[PDB]
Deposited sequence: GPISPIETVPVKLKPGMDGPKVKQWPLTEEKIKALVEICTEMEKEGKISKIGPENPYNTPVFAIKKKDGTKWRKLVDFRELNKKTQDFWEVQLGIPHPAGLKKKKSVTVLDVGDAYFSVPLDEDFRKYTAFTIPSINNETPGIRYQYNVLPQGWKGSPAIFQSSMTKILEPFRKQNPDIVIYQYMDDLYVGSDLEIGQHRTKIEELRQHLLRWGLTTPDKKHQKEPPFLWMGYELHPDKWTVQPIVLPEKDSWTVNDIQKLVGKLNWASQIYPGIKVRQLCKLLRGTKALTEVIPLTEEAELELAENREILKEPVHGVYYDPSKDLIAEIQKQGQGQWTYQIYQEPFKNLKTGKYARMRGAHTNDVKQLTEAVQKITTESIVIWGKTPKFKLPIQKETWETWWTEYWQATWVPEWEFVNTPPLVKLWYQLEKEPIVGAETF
């Protein structure tokens, strides 16, 4: 079968991304995988006149602990975004977020047998590095649609629906959504009947879980105290004052009114009636779904994460600062372990609800993250990410979120 032509935008150059250094055990694992992929025609060795490059990694498989190859096409995906979103975009069903159970299925090997436009193959170049720069570096390029390129599901889309039209008529209230190399299968059935309803699909493809409505935003719960000190009120005011950037009806005027004069931090302050009322109004604003926050499809999603201690992490998903479309907590290892699981959890939620992955703001140094993230990565996509500090008030605020 012939290939769909693909082109970068006229000013665009191909990806020239530097390969991060790999451990010897991952280099050896990648040499095996690639010589097997070459023996099957899926990749070919390339010469030095190809200047492009994309990073390659080794991650462990979901099922087995055998090694798996991850090519980080984030840069190529950005450079081909007209192709895989406008020209051949895949629509996202708003019903998927409402199923009781959603299953994730790996349909990655489907692309292995569709050829890639010859004029585009040079842009898929990657390099298996060597220890200590002792040998030049083994260069390949793709002959078939690559896993991890967002062009692959778009190109394979008309083939994909033809495979699924039978299963969709038979089961007409099951939603199938595909994002990159994954199938998201949503059903309101119960668990035992759901797991059989996917095996019928797992056989239909072979011939050729998530609980979204359990995802629930928790309210902020303020301290309840029988006796308030100056210190307690000062701490509460700093948090509520900051939080008014989220909830504009929050007020601290009556609480600040109680802190008259140069008081000792442990002095007890009885709450006047005006104070108790401001506080009670504040509690009500907080245990009510925030308003004026609505998803904008023309904007990037952003996920921020705070380290809370004792293996606890809070996160927010937003597009404009303080306008959180979603917030939550992730509970338990090491920091990088937990942080990589949080990122994959949040990205999966974000794929189901909006069909996009968010750009992550991570509270870790870049170089530590780049050294260790593949030690626990199991996904086939890689979200964009950057590295930030955490302001103390941010952490202190989302620490108040009610535990589920």
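- In sequence order, the deposited residues that have no C-alpha coordinates form the ranges 1-5, 214-233, 358-362, 435-441.
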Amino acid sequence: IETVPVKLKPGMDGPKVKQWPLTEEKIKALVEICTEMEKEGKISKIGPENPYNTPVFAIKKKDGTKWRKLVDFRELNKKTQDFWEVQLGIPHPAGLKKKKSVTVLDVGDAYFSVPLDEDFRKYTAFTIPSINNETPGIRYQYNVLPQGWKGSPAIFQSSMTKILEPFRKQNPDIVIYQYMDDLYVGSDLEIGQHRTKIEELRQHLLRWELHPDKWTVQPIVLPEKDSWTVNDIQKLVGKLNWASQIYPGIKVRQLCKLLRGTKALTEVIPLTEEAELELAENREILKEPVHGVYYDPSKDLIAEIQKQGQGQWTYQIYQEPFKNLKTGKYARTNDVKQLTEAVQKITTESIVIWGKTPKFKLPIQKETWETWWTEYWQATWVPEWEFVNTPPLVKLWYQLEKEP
From here on, numbers count along this sequence of modelled residues.
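- In this entry, 30-38 has the higher mean Cα B-factor, the comparison being between 361-369 and 30-38.
- Across the two stretches, 177-185 and 127-135, the PDB entry reports the greater mean Cα temperature factor for 177-185.
- Looking at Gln306, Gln319, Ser158, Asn282, the one whose CA carries the top B-factor in the deposited record is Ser158.
- For the set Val252, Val104, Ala243, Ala264, the maximum C-alpha B-factor listed in the entry falls on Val104.
- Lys16: CA B factor in the lowest third of modelled residues in this chain (values from the PDB entry).
- Placement of the Cα temperature factor of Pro172 within the chain: highest third of the modelled residues, per the deposited record.
- When all modelled residues of the chain are sorted by CA temperature factor, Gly355 is found within the middle third.
- In the PDB entry, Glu75 places in the lowest third of its chain by CA B-factor.
- Compared with the other modelled residues of the chain, the Cα B-factor recorded for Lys122 ranks in the lowest third.
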